[PDB]
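Accompanying notes for the structure given below.
Every number here is computed from the coordinates shown, using simple stated rules; none is lab data. All Cβ positions, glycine included, derive from the backbone under ideal geometry; neighbour counts span all protein chains shown.
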Amino acid sequence: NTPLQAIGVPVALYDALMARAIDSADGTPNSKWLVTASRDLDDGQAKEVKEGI
Amino acid sequence: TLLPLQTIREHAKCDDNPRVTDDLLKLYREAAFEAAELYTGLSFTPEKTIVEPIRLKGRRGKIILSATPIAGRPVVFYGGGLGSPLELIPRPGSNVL
């Protein structure tokens, strides 16, 4: 008769949830400003757009 | 001597079936040479020797060169607190150093 008999369900929920936390911490891009060009932009000046921004 | 009248005619199909005469064609050429090179900005530019007052931009000094030199010849910088001249081999394709 110990408290450990009735906490298996919650402790599993915690370790599963914190595993979700640590997993999504590294793996989700931390970048902003998804810039995309149009088709006709002449790489060679499209890079000029990149260095400018 | 840059754009022959016969070349203009053979491009624009005015060949053996004539539109407005060579007088209007040469006027059109003289007025198309003021729309081009004015929309783009370039000049006659033979082998050039561009000297230009370059303006400090930022604490680290972006230097945009107004003519993007060829690929690797050292552009020289002098004056404006520069007691001694100095060369810099620039970017090919771009002109920001």
Subject >> chain A: angle of helix A:8-25 to the longest principal axis, Cα-based, in degrees nearest 10 >> reply: 10
**OP:** May I ask you to evaluate 6.51 cos²θ - 1.76 cosθ + 1.60, the Karplus curve with θ = phi - 60°, for each residue of segment B:38-52 and list the ³J(HN,Hα) values in order in whole Hz, giving x for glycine and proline?
**Re:** 10, 6, 8, x, 5, 10, 4, 6, x, 3, 9, 9, 5, 9, 8
**OP:** Averaged over every viewing direction, what's the projected area of the C-alpha convex hull for chain B? Give it in nm², one decimal, please.
**Re:** 9.0
**OP:** Check the straight Cα-Cα distances from B:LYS57 and name the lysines below 27 Å, setting aside those fewer than 8 residues away within the same chain.
**Re:** A:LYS32, A:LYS47, A:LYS50, B:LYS48
Original post:
Going by a ≥ b ≥ c, the root eigenvalues of the Cα gyration tensor, does the protein assembly as shown fall in the rounded group (a/c under 1.5), the prolate group (a/b larger than b/c) or the oblate group?
Top reply: oblate
Subject >> Degrees separating the helix B:22-32 axis from the principal Cα axis of chain B, which is the longest one >> reply: 20
Original post:
Using a basic spin-label model with each label point 7 Å from the Cα along Cα→Cβ, how many nm lie between B:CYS14 and A:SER38?
Top reply: 3.2
**OP:** Give the value in nm², to one decimal: projected area of the alpha carbon convex hull of chain A, averaged over all directions.
**Re:** 5.9
**OP:** Summarise the partner chain shielding of B:63-76 as one whole number: the mean count of Cβ atoms from other chains within 10 Å of each residue's Cβ.
**Re:** 0
**OP:** Per DSSP H run of n ≥ 4, the term is -39500 (n - 2.57); total these for chain B, divide by its residue number, and report the mean residue ellipticity at 222 nm rounded to 500 deg cm²/dmol.
**Re:** -5000 deg cm²/dmol
